[PDB]
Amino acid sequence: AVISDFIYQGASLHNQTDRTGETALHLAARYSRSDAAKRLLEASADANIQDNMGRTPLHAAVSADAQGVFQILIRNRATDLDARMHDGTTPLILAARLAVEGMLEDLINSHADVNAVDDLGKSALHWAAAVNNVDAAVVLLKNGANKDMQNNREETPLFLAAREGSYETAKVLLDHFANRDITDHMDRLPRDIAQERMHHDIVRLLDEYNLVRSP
């Protein structure tokens, strides 16, 4: 064949497009071409080469919700499950943000680091809180996620849930007894940022919900 799995006759498996910096394996992920991805890996393609934004074929599979290629990639021992994009984003954080539930759990079960963080000190749980991804929050919390971890602005996931108006996820954090007293760098409590951004429902939750025999 003149071309096989995006690779032109006799070219390197690691060659990258000028436009996106993507390799054949990145493209197999985006097109959900399970067979191509399998053949490329058997030919020893590097599953951790980064495109122009630092994404590996695994970030690409998550972004394209390609379950087939995704499975193939996480089953491949050499795949860096915690690969970071140029802003520190990992496949897990990415899965939490896009709300691709099946992948988040599969990543965690494959031992992805639940407490890894992007360049802003944000963990997958911080993000699940920010986008109000309840299911991701529950699974991360059940799997060792640090509920009170502070990012670089000293914001906890709860702080972020308060900031963004993620009512349901702030509730999950409280059901897990997250510390609602930890403030950000401006000394604001999740309650203070919730009031400032007009999420009165969350302010109420913080003042009454699941308190110490005082709720």
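Numbers follow the displayed sequence, beginning with 1.
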{"property": "Stretch exceeding the other in mean C-alpha B-factor - 140-148, 95-103", "result": "95-103"}
{"property": "Between 186-194 and 155-163 (mean CA B-factor, as deposited), the higher", "result": "186-194"}
{"property": "Relative C-alpha B-factor of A24, binned into the chain's lowest, middle or highest third", "result": "middle"}
{"property": "Chain-relative CA temperature factor third for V172", "result": "lowest"}
{"property": "CA B-factor ranking of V69, expressed as a third of its chain", "result": "lowest"}
{"property": "Chain-wide C-alpha B factor ranking for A36, given as lowest, middle or highest third", "result": "middle"}
{"property": "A61, C-alpha B-factor rank within chain (lowest, middle or highest third)", "result": "lowest"}
